[PDB]
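Asker: Sending over a structure as structure tokens; questions will come in a sec.
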Amino acid sequence: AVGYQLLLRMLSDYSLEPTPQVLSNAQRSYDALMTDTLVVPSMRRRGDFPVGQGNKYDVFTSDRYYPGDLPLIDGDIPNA
Amino acid sequence: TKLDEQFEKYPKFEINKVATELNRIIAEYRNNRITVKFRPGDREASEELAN
């Protein structure tokens with residue numbers, strides 16, 4: 001993959017033109033490269049979404065809702 | 001969420017609809033209150049005791 005990409009980006013220095021077979025080989029190698037490095041972020045819940053009553057929550061454990069970000073409170077800088 | 005370096009919160013509205021039946025039950029009780037009553041027995045003077 002690296003070699004074919006380098007050939008594609010460097011062939012213009014000697015004033016030639018790549019052939020479609022070489023282009024297809026480069027594309028296939030790049031696809032093989034990109035296949036191995038997927039992400040699939042798998043998005044989370046929302047944060048205010050209630051969790052079920054069947055999960056048996058408790059008072060001191062909180063988690064009435066899926067965990068989310070929490071505000072910062074400062075009494076010296078009047079942001080409000 | 002951060003939402004561009006802030007902490008604006010989610011809106012949380014409430015439409016209470018479960019208290020109507022509870023208020024109906026409470027009104028039903030308060031309309032007809034009850035109290036302990038002592039019933040007499042098969043004796044000659046139990047009525048005065050109950051009173």
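Chains: A, B, ... in order of the structure tokens. Residues: from 1 per chain. Ligands: from 1, in order shown.
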Got a sec: who's within 10 Å of range 30-47 of chain A, counting only C-alpha atoms, leaving out chain neighbours fewer than 6 positions off, as number ranges by chain?
Answerer: A: 1-2, 4-5, 24, 65-69; B: 1, 10
Asker: For chain B, list the residues within 12 Å of chain A, counting only C-alpha atoms, and write the list as a PyMOL selection string.
Answerer: chain B and resi 1-3+5-13
Asker: Could you give me the residues within chain A that DSSP places in alpha helix (DSSP H), as a VMD selection string?
Answerer: chain A and resid 2 to 10 20 to 35
Asker: If you measure from CA of residue 7 in chain A to CA of residue 21 in chain A, what distance in Å do you get, rounded to one decimal?
Answerer: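 About the pair CA of residue 7 in chain A and CA of residue 21 in chain A: they are 13.3 Å apart.
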